[PDB]
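Take a look at this single chain in structure tokens; it is the form solved without norleucine (NLE).
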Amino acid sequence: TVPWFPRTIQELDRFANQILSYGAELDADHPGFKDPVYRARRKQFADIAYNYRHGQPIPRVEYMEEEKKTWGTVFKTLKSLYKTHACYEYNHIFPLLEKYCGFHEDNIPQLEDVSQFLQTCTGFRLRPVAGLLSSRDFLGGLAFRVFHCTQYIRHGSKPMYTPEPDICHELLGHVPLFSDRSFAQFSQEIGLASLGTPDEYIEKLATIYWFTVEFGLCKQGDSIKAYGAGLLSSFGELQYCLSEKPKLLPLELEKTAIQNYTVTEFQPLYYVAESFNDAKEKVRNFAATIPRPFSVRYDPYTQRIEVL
């Protein structure tokens, strides 16, 4: 049989009912494990994602002073690096995010405003997500230019560290790239490649995503920069990834897709994308080798996936 996959953007709503119910915030070694207030705060954000439905505006939340502080620290220390470490598409859009979305040290931007802004850039939109989606559902959203975005923030005791995605990582890491046309199309190709795809291949697509969307390096003229969200949201690894220590290889999907990695230390290896259009092409070609007895196309006019 062929695994189920949403045919319309509205059907993404089926995901919030298929997430991991026991999140990392419940682990003993989580920075906020002993903090019951944090625990309730997380549950509150999880309830917002749980009751969200496609088409609804995303609930605004008044962030506590302590939370705004954690964001300030992460924002200020990371910002100093972008001008020289982030790829062009990132820097080109960051100022706009600053003027129209409240990207500032003393303010945590609201997902609704960020979503509207991405919509006018590339049609990308966000939807609040409770916790970790399966790779199949997470990647599936991308086919509709939809990004499941966390809304809670890491625990204030360790501002420069998070064992999971949190809002600082979504906004400072992912958002600027989804504002770029080429990147938008490239990430969508990954989404399209995953629809109705067999599990073993979903894993391959997750690995490609890891080495591009999360930890990718781009070729910029004769230089190299970071575009991977996991890098753009990690002060330490962002500086390291452009140093002489890591090993760099050109993005090559048959190899990238089976390359192991661990999410615990700095990556020993990075793949360099020639450009987003090229990575997009490479995914399309790679998608062609996936055994699916059909083809898929997203029609932005109706927000439906066409199955051939």
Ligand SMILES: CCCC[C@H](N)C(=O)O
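All residue numbers are counted from 1 along the displayed sequence.
Below, we turn to the form deposited with norleucine (NLE) bound, even though it does not appear here.
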| property | result |
| --- | --- |
| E112, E105, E164, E98 - the one with a heavy atom within 4.5 Å of norleucine (NLE) in the deposited complex | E164 |
| One stretch from 155-163, 88-96, 219-227, 116-124 that, in the deposited complex, holds residues within 4.5 Å of norleucine (NLE) by heavy atom | 155-163 |
| Partner contact for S234 in the deposited complex: norleucine (NLE), 4.5 angstroms, heavy atom | yes |
| Contact flag, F215 vs norleucine (NLE) in the deposited complex, heavy atom cut 4.5 Å | yes |
| Norleucine (NLE) contact at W210 in the deposited complex, heavy atom, 4.5 Å | yes |
| Contact label in the deposited complex: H169 to norleucine (NLE), heavy atom within 4.5 Å | yes |
